[PDB]
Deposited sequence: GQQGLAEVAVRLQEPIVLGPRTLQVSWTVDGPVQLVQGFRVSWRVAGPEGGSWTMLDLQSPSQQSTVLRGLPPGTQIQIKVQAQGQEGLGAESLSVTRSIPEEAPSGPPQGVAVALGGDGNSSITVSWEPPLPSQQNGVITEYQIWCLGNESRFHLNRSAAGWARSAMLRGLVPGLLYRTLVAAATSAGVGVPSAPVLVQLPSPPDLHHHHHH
């Protein structure tokens, strides 16, 4: 089980956040009864998987974090235990649009003129960003599209000033974060209706 050597091939993406991992075997093949695949973010603790057959020389890792580097190793198992670890391979998981909204969206009166608001926010949860945040989209939607207010802000911004709200109109204020892959999910709306 120590003489056997595992040869890891280059991983292949199937569905989003997946990696098809395959390998060949060289040595006393008759001793192997299965394989234990281990993977981690290149970080955190290793995640292990047990394969109950010596013919399963491939597996599909799923739900891998977008915008990260995944490190993969594989070893053979038998009646003795576990064998030598193969050489690790590392592949990048493509960034995605954020899957979680910015946190703590708030609205305050303030800005230019007499009917402006300042919208503030915090980034999405780190596990929901799916990449480096490069942009925030801010919307102030009325009942008609001619009343919509929209601004963009840089990844370092945490506020945006929106002017020209019509008194008496109900506005839905939303913020979304974006990565290089696109604009993510918007926050729950903060409703604003200025006095008239």
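Missing C-alpha coordinates mark the following deposited-sequence intervals, in order: 1-4, 47-49, 204-213.
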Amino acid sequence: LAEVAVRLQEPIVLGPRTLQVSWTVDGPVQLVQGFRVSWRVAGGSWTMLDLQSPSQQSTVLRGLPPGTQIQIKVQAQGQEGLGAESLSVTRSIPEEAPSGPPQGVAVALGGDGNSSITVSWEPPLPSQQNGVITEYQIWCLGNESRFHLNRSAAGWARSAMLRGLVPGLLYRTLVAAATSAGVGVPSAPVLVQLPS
From here on, numbers count along this sequence of modelled residues.
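Stretches 59-67 and 153-161 differ in mean C-alpha B factor, with the higher average recorded for 59-67. Remark: stretch with higher mean C-alpha B factor among 11-19 and 172-180 is 11-19. Among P54, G142, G131, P167, the highest C-alpha B-factor in the deposited entry belongs to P54.
Looking at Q103, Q79, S116, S99, the one whose CA carries the top B-factor in the deposited record is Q79.
Sort the chain's modelled residues by C-alpha temperature factor and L194 lands in the middle third, per the entry. When all modelled residues of the chain are sorted by CA temperature factor, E85 is found within the highest third.
Among all modelled residues in its chain, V107 ranks in the lowest third by Cα B-factor. The deposited CA B-factor of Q33 belongs to the highest third of values across its chain.
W46: CA B factor in the highest third of modelled residues in this chain (values from the PDB entry).
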